[PDB]
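Visitor: got an experimental structure here, sequence first:
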Protein chains: 2
Amino acid sequence: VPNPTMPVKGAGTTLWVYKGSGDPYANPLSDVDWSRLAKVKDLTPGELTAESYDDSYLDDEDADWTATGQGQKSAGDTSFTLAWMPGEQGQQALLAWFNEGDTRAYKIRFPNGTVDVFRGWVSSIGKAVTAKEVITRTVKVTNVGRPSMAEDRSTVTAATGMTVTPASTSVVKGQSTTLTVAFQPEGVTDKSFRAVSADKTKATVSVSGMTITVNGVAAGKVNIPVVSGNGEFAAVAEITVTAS
Amino acid sequence: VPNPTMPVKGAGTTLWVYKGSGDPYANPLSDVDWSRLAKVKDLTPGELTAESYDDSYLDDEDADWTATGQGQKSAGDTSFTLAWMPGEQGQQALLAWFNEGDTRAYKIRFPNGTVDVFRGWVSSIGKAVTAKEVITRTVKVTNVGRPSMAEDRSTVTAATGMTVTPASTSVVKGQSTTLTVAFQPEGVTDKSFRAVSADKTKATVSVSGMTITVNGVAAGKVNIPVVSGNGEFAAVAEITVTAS
């Protein structure tokens, strides 16, 4: 249904903030580590500007028409307003973002399956109080550097497939096992994943660079879950830890 | 069309340096043995100046005022800033010209069909570096000897080429006749004139558009004298005005 080659109605646009380490420009589609800014009243995204540079010389033949070229770009100052919920986790993060000069990344997800990623710092934090109307928080972000517009990405293989091949065998104290994940839906992939531990008593899971290691801290039988990105696909494995 | 007798807008002025072995002042118009200095950001021609000489004596009758005469003339220094292109010929030649200290000739070609040619040595080589702005090499050349201005190779024509043909008719009240003047001794002339009546009562005169206009305010025979320049040439017109 989402067609990036056809106009969209604009309803359903969503705002996220990247509260983590790594490259937000790498995999903007995966909502892992992105915190949602819910209840957005309205949003005016930033404008990609460009300054003018004079390229005229005295020796130039004739000067009847001006000659100019592109200069610096300086794309920034995107603003929005959302319902004021001070006690909600995600707005306190916004206030902390304002209270220091941190230049964080934020993304806008459009109903046609496209994402625009910007990086900037909060330059205006305000409010509007009036009766018979929800109190609104107004925010403005000055962007720095080059954004990653939706027109930079054009392939999106959509994946649609993943499985798990675990050891599913015994585990000894002080010895850790490794489980594998197949994320090759016909080769090309554009999605990451994560894994968890059910109890954090019998076993612990370390995830990095597709390497997933289960260590049997305590004996017993535990289940290791895996969730791919936003949660489109999941998997469950079983690991047994022996006392001897 | 270039016109030395009318002001020009200065855009398109070019700078050249002599790489030949002949006489630079011989034929400045031809660009045969000349190298262009392209991408000239701006130019400042050298200013001619002559110091003062005290021409007073003890036995000079009156002293309440100072008596001075023209002293030794100097051609000043011409300073031009042009875009920095170190890999192109013309800037390497300029650097060598500054480096080995010889007195070379250069010329400025205005958008007039004229040219001002100087001789001098480079007394300054500079550079300006700043982001968002082109790197500019700044050069100052101290001029020596006598410069050859564009006024040196101008030509004046005084071949006695004034002819005056009047209306030679009967003009009426409320209507004005015209009188034509030819100033083409082979087509070229730089001398003007002045035309007026003899009594300013029978007819009122007005010169404009290289033409004479006579208004027949009063009937009778009126005389219109015309004198060219400093009284070398003249003409007399007779105009008859009728009652109607």
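Guide: Arrived safely, thanks for sending. Numbering: from 1, shown residues only, chains lettered A, B, ... in the order given.
Visitor: only C-alpha atoms for contact and neighbour calcs from this point on.
Guide: Fine.
Visitor: so residue A:236 bridges to which residues?
Guide: Note on residue A:236: beta-bridge partners residue A:225, judged by DSSP bridges.
Visitor: any idea how far residue B:239 is from it?
Guide: Here the criterion is C-alpha to C-alpha, to the nearest Å. By it, residue A:236 lies 120 Å from residue B:239.
Visitor: neighbour count: those two, which is higher?
Guide: residue B:239 (23 against 14; other C-alpha atoms under 10 Å in any protein chain shown).
Visitor: who's in contact with that one?
Guide: B:167-171, B:221-224 (C-alpha atoms under 8 Å, 6 or more residues apart in numbering or on different chains).
Visitor: in what helix or strand does it lie?
Guide: strand B:233-241 (DSSP states H and E).
Visitor: buried sites along that strand?
Guide: Using 16 or more other C-alpha atoms under 10 Å in any protein chain shown as the test for burial, strand B:233-241 gives B:234, B:236-237, B:239-241.
Visitor: restrict it to CA atoms and write it as CSV.
Guide: These are the backbone C-alpha positions of strand B:233-241, laid out as CSV (Å, rounded to 0.1, in the frame of the first residue of the first chain):
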residue,chain,number,x,y,z
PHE,B,233,34.9,79.3,-39.4
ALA,B,234,31.5,81.0,-39.6
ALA,B,235,28.3,81.1,-41.5
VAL,B,236,25.4,83.6,-42.0
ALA,B,237,21.8,82.6,-42.7
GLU,B,238,19.0,84.8,-43.9
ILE,B,239,15.4,83.9,-42.9
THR,B,240,12.3,85.6,-44.2
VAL,B,241,9.1,85.7,-42.0
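Visitor: which stretches in chain A count as helices?
Guide: Along chain A, counting by DSSP state H, helices occupy A:92-99.
Visitor: and the longest strand for it?
Guide: Criterion DSSP state E: the longest strand present in chain A is strand A:115-128.
Visitor: pull the number of nearby residues for residue A:224.
Guide: 20.
Visitor: same question, residue A:2
Guide: When neighbours are counted by other C-alpha under 10 Å, residue A:2 registers 12.
Visitor: and for the one 4 residues further on?
Guide: Burial of residue A:6, expressed as a neighbour count using other C-alpha under 10 Å, amounts to 7.
Visitor: check residue A:117 too.
Guide: Residue A:117, neighbours per other C-alpha under 10 Å, totals 21.
Visitor: repeat that for residue A:185.
Guide: Neighbourhood size, residue A:185 [other C-alpha under 10 Å]: 14.
Visitor: now it, nearest residue through space, not along the chain?
Guide: residue A:161 (4.9 Å; C-alpha to C-alpha, 6 or more residues apart in numbering or on different chains).
Visitor: do the same with residue A:78
Guide: The shortest distance from residue A:78 to any non-neighbouring residue, by C-alpha to C-alpha, 6+ apart, is to residue A:46 (4.0 Å).
Visitor: show me what contacts the one you found?
Guide: A:75-79.
Visitor: ok, it to residue B:53 distance?
Guide: According to C-alpha to C-alpha, residue A:46 and residue B:53 sit 70 Å apart.
Visitor: now residue A:11: how far from residue A:161?
Guide: Distance, residue A:11 to residue A:161, by C-alpha to C-alpha: 29 Å.
Visitor: the more surrounded of the two?
Guide: Each of residue A:11 and residue A:161 has its neighbours counted (other C-alpha under 10 Å); residue A:161 has more, 14 against 8.
Visitor: from residue A:184, how far out is that one?
Guide: Distance of residue A:161 to residue A:184, computed by C-alpha to C-alpha: 7 Å.
Visitor: for residue A:37, same thing?
Guide: For residue A:37, the distance to residue A:184 equals 32 Å [C-alpha to C-alpha].
Visitor: what do you get for residue A:26?
Guide: According to C-alpha to C-alpha, residue A:26 and residue A:184 sit 18 Å apart.
Visitor: higher neighbour count, these two?
Guide: Applying other C-alpha under 10 Å to residue A:26 and residue A:184 shows that residue A:184 carries more neighbours, namely 13 against 10.
Visitor: excluding its backbone neighbours, what's nearest residue A:126?
Guide: That would be residue A:138: by C-alpha to C-alpha, 6+ apart, it lies 5.0 Å from residue A:126.
Visitor: partners of the one you found in the sheet?
Guide: Assessed by DSSP bridges, residue A:138 has beta-bridge partners residue A:81, residue A:126.
Visitor: that one contacts residue A:122, correct?
Guide: No - taking contacts as C-alpha atoms under 8 Å, residue A:138 lies outside contact range of residue A:122: 11.0 Å.
Visitor: of these two, which one has the most company?
Guide: The residue with more neighbours, out of residue A:138 and residue A:122, is residue A:122; 24 against 20, by other C-alpha under 10 Å.
Visitor: that one and residue A:140 touch, don't they?
Guide: Yes - counting by C-alpha under 8 Å, residue A:122 touches residue A:140, with 5.9 Å between them.
Visitor: around chain B, pick out the residues from chain A.
Guide: A:56-63, A:71-72 (C-alpha under 8 Å from any C-alpha of the partner chain).
Visitor: at 7 Å what do you get?
Guide: A:57-63 (C-alpha under 7 Å from any C-alpha of the partner chain).
Visitor: most neighbours, which of those residues?
Guide: Each of those was scored for neighbours by other C-alpha under 10 Å, and residue A:59 scores highest at 24 neighbours.
Visitor: count the neighbours of the closest residue to it other than its chain neighbours for me.
Guide: Excluding the flanking residues, the one nearest residue A:59 by C-alpha to C-alpha, 6+ apart is residue B:12, at 4.4 Å. By other C-alpha under 10 Å, 18 other residues sit near residue B:12.
Visitor: pull the contacting residues for residue B:12.
Guide: A:58-62, B:111 (C-alpha atoms under 7 Å, 6 or more residues apart in numbering or on different chains).
Visitor: check residue A:190 too.
Guide: Counting by C-alpha under 7 Å, 6+ apart, residue A:190 makes contact with A:156-157, A:159.
Visitor: as JSON lines, these with distance to residue A:97 would be great.
Guide: JSON lines is the format used below for the contacts of residue A:190 (distance: C-alpha to C-alpha, whole Å):
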{"residue": "A:156", "distance to residue A:97": "31"}
{"residue": "A:157", "distance to residue A:97": "34"}
{"residue": "A:159", "distance to residue A:97": "34"}
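Visitor: partners of the nearest residue to residue A:166 once chain neighbours are set aside in the sheet?
Guide: Computed as C-alpha to C-alpha, 6+ apart, the closest residue to residue A:166 that is not its neighbour in sequence is residue A:179, at 4.3 Å. Note on residue A:179: beta-bridge partners residue A:212, judged by DSSP bridges.
Visitor: what about the closest residue to residue A:129 other than its chain neighbours, how many neighbours?
Guide: Ranked by C-alpha to C-alpha, 6+ apart and with sequence neighbours excluded, the top spatial neighbour of residue A:129 is residue A:135, at 5.3 Å. Residue A:135: 15 surrounding residues under other C-alpha under 10 Å.
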